[PDB]
Amino acid sequence: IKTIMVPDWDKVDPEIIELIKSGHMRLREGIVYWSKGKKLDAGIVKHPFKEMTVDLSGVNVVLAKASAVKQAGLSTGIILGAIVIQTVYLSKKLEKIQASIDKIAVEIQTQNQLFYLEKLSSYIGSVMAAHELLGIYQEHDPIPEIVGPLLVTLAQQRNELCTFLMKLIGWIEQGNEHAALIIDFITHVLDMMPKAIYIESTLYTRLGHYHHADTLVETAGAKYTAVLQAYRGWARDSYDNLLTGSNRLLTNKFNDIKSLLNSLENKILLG
Amino acid sequence: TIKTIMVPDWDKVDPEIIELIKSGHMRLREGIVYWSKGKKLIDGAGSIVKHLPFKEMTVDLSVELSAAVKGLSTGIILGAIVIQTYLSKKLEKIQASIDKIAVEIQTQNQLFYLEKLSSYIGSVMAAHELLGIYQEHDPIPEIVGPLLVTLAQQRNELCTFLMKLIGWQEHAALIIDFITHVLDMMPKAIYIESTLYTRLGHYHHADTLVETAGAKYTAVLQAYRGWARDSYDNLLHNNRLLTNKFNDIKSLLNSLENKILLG
Amino acid sequence: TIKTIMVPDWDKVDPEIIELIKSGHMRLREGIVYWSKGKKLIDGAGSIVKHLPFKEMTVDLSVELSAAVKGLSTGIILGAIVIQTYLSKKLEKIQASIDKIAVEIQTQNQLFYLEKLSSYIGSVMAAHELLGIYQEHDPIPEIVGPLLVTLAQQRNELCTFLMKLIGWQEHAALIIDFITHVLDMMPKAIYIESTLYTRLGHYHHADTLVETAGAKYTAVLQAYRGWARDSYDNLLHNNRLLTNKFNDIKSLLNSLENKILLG
Ligand SMILES: [Zn+2]
């Protein structure tokens with residue numbers, strides 16, 4: 001049971017709504033702006049919010065489609081993004097990932113851990129700090145000298161994680177149920193990443209760089225999708241060898257892989 | 001042992017400013033008076049109201065308990081001591097205990113949390129250095145900004161590390177002393193973080209960050225309390241040592257110093 | 001005959017602003033509240049404090065004497081009437097009397113003073129126009145500045161002209177009526193000049209200019225008084241006309257309206 005802030009369209013000028021419908025204006029996190037090449041002489045259009053209640057109980061967060069009285073994917077993505085940015089929904093998943101790290105660190109070979117769990121923990125810390133910074137917010141006082149370096153670190157760590165994440169499947173043959181642990185960990189990290197991308201886009205929007213935010217979502221989502229496709233290929237080539245001569249738990253984890261590949265939540269978050 | 005700090009000299013402050021502070025229209029942090037959120041009466045863009053005049057004050061560092069005899073002034077002097085002197089000794093002692101703790105948590109294979117903690121020390125120290133330079137010189141946002149990002153990141157990861165420590169004889173005494181002192185350090189570092197925000201002219205950011213970071217610190221503190229309440233009897237020579245450690249825990253749980261620092 | 005003016009709506013003003021006005025820290029002119037000279041309490045560069053909220057008020061123009069029943073408010077409403085309505089009629093009547101006065105002063109061979117007076121009318125009118133445009137729109141310094149120079153120049157030369165007129169039957173009645181009405185016009189034009197200064201953000205300039213220009217006006221007025229005291233008996237059908245003219249002189253000499261307009 002949480003209370004978020006959603007755009008109050010009854011207080012929005014109808015011409016703004018019509019220009020949004022025609023594709024001349026776009027929206028990200030309660031801020032309207034001109035679409036690329038659609039401005040009608042430099043520069044932001046307009047920022048009104050009202051309360052909405054959502055019950056965060058393993059609840060399907062996409063709780064949004066039900067909330068359905070006016071103009072569908074647009075408002076659905078609006079409420080999804082509000083849930084991601086304002087609630088503790090992502091904090092619980094980050095703490096779960098840290099718990100998985102804690103458990104995996106004692107179930108591997110010390111020479112095979114190397115430095116990857118450290119990088120994952122650092123990235124989780126950066127995402128937590130970014131969500132916290134999103135929590136402190138003064139609309140009439142931007143903080144570019146802080147949001148800038150934060151976006152830097154977030155971009156570096158996300159790009160690096162994209163390059164070394166699938167490598168971690170090797171930990172299946174490097175134990176000290178184990179394969180299920182590793183697969184679950186990788187799936188949850190991948191499921192978290194689009195939320196972090198959406199946080200990066202929100203931070204870009206807070207600085208007034210809306211087109212930057214759109215393009216960043218596109219390119220980061222492209223790299224993330226490439227990693228997902230590598231994950232899919234590995235699952236296709238390892239399903240039989242893992243479920244024969246090595247039962248219910250691993251099958252549930254492979255089903256979780258398939259659900260990650262068809263995540264409507266991550267599709268909405270990534271445009 | 002005798003130190004000299006700068007404190008607001010209210011005899012050089014116009015009484016109308018004092019009054020608007022007492023009416024809640026204005027707030028104060030580390031020598032800066034500013035308008036409260038949504039309480040600005042004049043027409044303008046910023047929120048700064050006044051840079052306070054400073055007088056010298058002698059303190060004896062040999063802390064929450066002599067001055068302020070003429071809640072607000074207590075917090076002012078406490079923050080002045082935290083900023084201008086006290087935390088460096090705590091950080092030195094924390095750094096000194098890192099190796100023996102590494103020995104005791106080696107089987108968890110997450111020693112990098114002790115590296116980052118050390119980095120956190122550096123960061124806090126660097127921050128404490130900047131404020132010193134900023135006692136007579138202008139704050140530089142290209143320097144304060146990245147340091148604030150690093151401080152936030154490392155503070156969040158340190159909270160996760162303390163949670164993992166709680167989740168994991170004399171081994172217990174060593175780890176309990178470590179956890180207690182690291183937790184005790186955190187509110188001062190939060191205060192330093194917020195003072196950097198203030199030096200950048202973001203006073204509302206500073207107040208709200210104290211709120212949020214203190215809530216996270218309080219969540220960790222309550223986890224520590226829950227652990228200490230369910231483990232005191234199953235752990236009792238060394239009995240007196242563990243009893244002193246649990247008394248230190250209870251002192252941290254009711255720390256007036258940290259409650260003042262966290263608002 | 002019924003006119004509507006904008007007056008400060010004090011029910012929409014924070015009481016602390018009102019209080020700082022009453023303590024002398026802040027002053028007011030035509031909808032603008034600003035810090036008094038050397039009384040600014042906050043840290044800043046400008047002197048602006050507040051743009052007052054405005055309410056509608058009906059007056060009947062058919063003036064210093066109904067409203068303000070809830071010295072300061074009297075001056076506020078008087079200035080609002082001078083700015084937003086009243087002076088135009090006075091200027092029209094002055095312009096209408098210029099030709100007959102030219103006939104009566106032709107032997108002095110300084111009729112250009114009547115040309116400049118006419119220009120002064122234009123200038124004042126143009127100024128009155130700008131303020132109207134400036135009720136909803138931003139003042140433009142490249143427009144207000146040169147007009148202020150012209151207003152100052154023409155006001156000084158008009159004072160010299162009035163002195164020369166004083167230095168120079170029914171001829172007397174005509175010239176006395178002219179002098180009395182021109183002098184009566186001057187304080188309103190001074191007020192308009194100062195309001196232009198206010199619209200440019202130069203409030204202290206406006207107050208000091210009212211002071212200096214009013215001192216010059218008062219010097220001319222006292223010359224007029226000295227002339228009227230030494231000429232009333234040597235000038236007395238037309239006797240009633242001259243008596244009415246001298247009564248108008250005495251009314252101008254004790255004009256509460258002009259004393260309020262000139263501070
Ligand atoms: Zn390392």
# chains A, B, ... in the order shown; residues from 1 in each chain; ligands from 1
call {"tool": "closest_atom_pairs", "arguments": {"of": "chain B", "to": "chain C", "cutoff": "8 Å", "atoms": "only C-alpha atoms", "output": "Markdown table"}}
result
| residue | atom | partner | partner_atom | distance |
| --- | --- | --- | --- | --- |
| B:14 | CA | C:41 | CA | 7.3 |
| B:16 | CA | C:41 | CA | 8.0 |
| B:17 | CA | C:41 | CA | 7.4 |
| B:41 | CA | C:14 | CA | 7.3 |
| B:42 | CA | C:49 | CA | 5.0 |
| B:43 | CA | C:50 | CA | 5.3 |
| B:48 | CA | C:43 | CA | 7.2 |
| B:49 | CA | C:42 | CA | 5.0 |
| B:50 | CA | C:43 | CA | 5.3 |
| B:51 | CA | C:43 | CA | 7.5 |
call {"tool": "write_last_selection", "arguments": {"atoms": "C-alpha atoms", "output": "PDB file, in the first residue's frame"}}
result
ATOM      1  CA  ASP B  14      19.810  41.836  13.391  1.00  0.00           C
ATOM      2  CA  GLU B  16      14.495  40.599  12.816  1.00  0.00           C
ATOM      3  CA  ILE B  17      16.520  37.724  11.347  1.00  0.00           C
ATOM      4  CA  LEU B  41       8.428  36.228   1.777  1.00  0.00           C
ATOM      5  CA  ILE B  42      10.498  38.484  -0.509  1.00  0.00           C
ATOM      6  CA  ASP B  43      10.625  38.341  -4.315  1.00  0.00           C
ATOM      7  CA  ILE B  48      19.988  32.338   0.798  1.00  0.00           C
ATOM      8  CA  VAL B  49      19.177  34.854   3.538  1.00  0.00           C
ATOM      9  CA  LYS B  50      22.341  35.605   5.485  1.00  0.00           C
ATOM     10  CA  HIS B  51      25.939  34.603   6.086  1.00  0.00           C
TER      11      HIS B  51
END
call {"tool": "interface_residues", "arguments": {"of": "chain A", "to": "chain B", "cutoff": "7 Å", "atoms": "only C-alpha atoms", "output": "MDAnalysis selection string"}}
result
chainID A and resid 105:106 118 125:126 128:129 136:137 145:146 149:150
call {"tool": "residues_around", "arguments": {"residues": "residue B:90", "least_positions_apart": "2", "cutoff": "10 Å", "atoms": "only C-alpha atoms", "output": "list in words"}}
result
residues 86, 87, 88, 92, 93, 94, 95, 96, 121, 181, 182, 184 and 185 of chain B
call {"tool": "write_last_selection", "arguments": {"atoms": "C-alpha atoms", "output": "PDB file, in the first residue's frame"}}
result
ATOM      1  CA  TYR B  86      37.121  14.775  16.388  1.00  0.00           C
ATOM      2  CA  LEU B  87      35.842  12.735  13.449  1.00  0.00           C
ATOM      3  CA  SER B  88      39.390  12.206  12.150  1.00  0.00           C
ATOM      4  CA  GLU B  92      41.744   6.555  12.255  1.00  0.00           C
ATOM      5  CA  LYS B  93      40.540   4.027  14.823  1.00  0.00           C
ATOM      6  CA  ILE B  94      38.138   2.477  12.300  1.00  0.00           C
ATOM      7  CA  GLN B  95      40.963   2.182   9.758  1.00  0.00           C
ATOM      8  CA  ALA B  96      43.178   0.551  12.394  1.00  0.00           C
ATOM      9  CA  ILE B 121      37.193   7.088   5.066  1.00  0.00           C
ATOM     10  CA  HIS B 181      31.972   2.207  15.829  1.00  0.00           C
ATOM     11  CA  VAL B 182      31.187   2.201  12.087  1.00  0.00           C
ATOM     12  CA  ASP B 184      28.529   5.620  15.249  1.00  0.00           C
ATOM     13  CA  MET B 185      30.687   7.191  12.533  1.00  0.00           C
TER      14      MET B 185
END
call {"tool": "atom_distance", "arguments": {"atom1": "atom CA of residue C:62", "atom2": "atom CA of residue C:250"}}
result
22.8 Å
call {"tool": "select_by_dssp", "arguments": {"residues": "stretch 52-235 of chain B", "states": "helix (DSSP H, G or I)", "output": "count of residues only"}}
result
143
call {"tool": "closest_atom_pairs", "arguments": {"of": "chain A", "to": "ligand 1", "cutoff": "10 Å", "atoms": "only C-alpha atoms and all ligand atoms", "output": "CSV"}}
result
residue,atom,partner,partner_atom_place_in_ligand_line,distance
A:114,CA,ligand 1,1 (Zn),9.3
A:115,CA,ligand 1,1 (Zn),6.7
A:116,CA,ligand 1,1 (Zn),9.6
A:118,CA,ligand 1,1 (Zn),7.1
A:119,CA,ligand 1,1 (Zn),8.5
call {"tool": "residues_around", "arguments": {"residues": "stretch 221-237 of chain C", "least_positions_apart": "6", "cutoff": "10 Å", "atoms": "only C-alpha atoms", "output": "ChimeraX atom specification"}}
result
/C:159,162-163,165-167,169-170,172-173,176,179-180,183-184,215,243,246,249-250,252-253
call {"tool": "residues_around", "arguments": {"residues": "residue A:43", "least_positions_apart": "5", "cutoff": "10 Å", "atoms": "only C-alpha atoms", "output": "list in words"}}
result
residues 33, 34, 208 and 209 of chain A
call {"tool": "select_by_dssp", "arguments": {"residues": "stretch 45-182 of chain A", "states": "strand (DSSP E or B)", "output": "ChimeraX atom specification"}}
result
/A:46,49-54,108,175
call {"tool": "write_last_selection", "arguments": {"atoms": "N, CA and C atoms", "output": "tab-separated table (two decimals), in the first residue's frame"}}
result
chain	number	residue	atom	x	y	z
A	46	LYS	N	6.16	22.25	-20.47
A	46	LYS	CA	5.42	22.49	-19.24
A	46	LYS	C	5.56	21.29	-18.33
A	49	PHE	N	0.44	17.27	-10.67
A	49	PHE	CA	0.37	15.91	-10.14
A	49	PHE	C	-0.79	15.77	-9.17
A	50	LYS	N	-1.28	14.53	-9.06
A	50	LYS	CA	-2.31	14.16	-8.10
A	50	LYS	C	-1.96	12.79	-7.54
A	51	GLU	N	-2.52	12.50	-6.37
A	51	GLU	CA	-2.19	11.26	-5.68
A	51	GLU	C	-2.91	10.07	-6.30
A	52	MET	N	-2.24	8.92	-6.27
A	52	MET	CA	-2.83	7.65	-6.66
A	52	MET	C	-2.31	6.58	-5.72
A	53	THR	N	-3.14	5.57	-5.44
A	53	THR	CA	-2.79	4.50	-4.53
A	53	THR	C	-2.55	3.21	-5.30
A	54	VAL	N	-1.48	2.50	-4.95
A	54	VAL	CA	-1.14	1.22	-5.56
A	54	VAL	C	-0.66	0.28	-4.47
A	108	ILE	N	31.39	-20.50	-4.30
A	108	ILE	CA	32.25	-20.53	-5.48
A	108	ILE	C	33.67	-20.89	-5.06
A	175	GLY	N	31.68	-24.81	-8.79
A	175	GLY	CA	31.19	-24.90	-7.43
A	175	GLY	C	32.29	-25.30	-6.46
call {"tool": "residues_around", "arguments": {"residues": "stretch 4-10 of chain A", "least_positions_apart": "2", "cutoff": "10 Å", "atoms": "only C-alpha atoms", "output": "ChimeraX atom specification"}}
result
/A:2,12-14,17,29-31,47-54,70-71,75,78-79,81-83,85-87
call {"tool": "write_last_selection", "arguments": {"atoms": "C-alpha atoms", "output": "compact mmCIF listing (two decimals), in the first residue's frame"}}
result
# COMPACT_ATOMS: atom_id res chain seq x y z
CA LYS A 2 1.83 3.05 -1.37
CA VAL A 12 -3.63 20.08 -18.19
CA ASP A 13 -4.37 22.48 -21.04
CA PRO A 14 -6.20 20.58 -23.82
CA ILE A 17 -2.87 16.95 -24.93
CA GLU A 29 8.28 11.68 -15.81
CA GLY A 30 5.78 14.52 -15.58
CA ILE A 31 7.65 16.76 -18.04
CA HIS A 47 5.56 20.48 -16.02
CA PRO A 48 0.48 18.99 -12.39
CA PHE A 49 0.37 15.91 -10.14
CA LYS A 50 -2.31 14.16 -8.10
CA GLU A 51 -2.19 11.26 -5.68
CA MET A 52 -2.83 7.65 -6.66
CA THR A 53 -2.79 4.50 -4.53
CA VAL A 54 -1.14 1.22 -5.56
CA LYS A 70 -8.79 8.06 -20.02
CA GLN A 71 -5.99 8.16 -22.60
CA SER A 75 -0.68 5.99 -19.30
CA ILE A 78 3.42 6.60 -16.96
CA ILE A 79 2.20 4.66 -13.91
CA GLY A 81 7.61 4.68 -14.35
CA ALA A 82 6.05 6.42 -11.36
CA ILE A 83 6.15 3.12 -9.46
CA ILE A 85 10.92 6.11 -9.51
CA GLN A 86 8.90 6.84 -6.37
CA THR A 87 8.30 3.55 -4.53
call {"tool": "atom_distance", "arguments": {"atom1": "atom CA of residue B:75", "atom2": "atom CA of residue B:135"}}
result
18.9 Å
